[PDB]
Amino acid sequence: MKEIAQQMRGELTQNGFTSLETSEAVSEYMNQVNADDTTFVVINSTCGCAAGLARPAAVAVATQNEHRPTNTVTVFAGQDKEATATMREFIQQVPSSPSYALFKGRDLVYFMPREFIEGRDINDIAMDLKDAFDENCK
């Protein structure tokens, strides 16, 4: 589980995502974003099939789309509990994992819960992310 979680985290950090692993790191990051920037958050997970769908879609769209988020960050639900709880204070939605959140400044503009990922074709998940970035990112 140790090496597995680091690989699942590495899938994101090897492709531009900043890993926020303490409550303090989340507060320091989210309370310092510029009001006009967009921040894409992947809430990672180790278990089930949904987690394996969420990582590739997020990496592919957030790094290749024309309209891309200013910032890409991740918290790891289950593994980094305090970081995940603090991020969820900014999101203010029903908690689930994996899940996606998109911010403009500190305001949530898009949220995808676990139930919209589970059992969904990876190409369709990527398409929703493309739509959300196109509507909200410069």
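The numbering used is simple: start at 1 and walk along the sequence shown.
- Comparing 91-99 with 55-63, the higher mean C-alpha B-factor in the PDB entry belongs to 55-63.
- Looking at mean Cα B-factors across 110-118 and 126-134, the upper value is held by 126-134.
- Comparing C-alpha B-factors across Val73, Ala77, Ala35, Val26 in the deposited entry, the largest value falls on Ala35.
- Based on the entry's C-alpha B-factors, the most elevated value among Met30, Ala85, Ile43, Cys47 belongs to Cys47.
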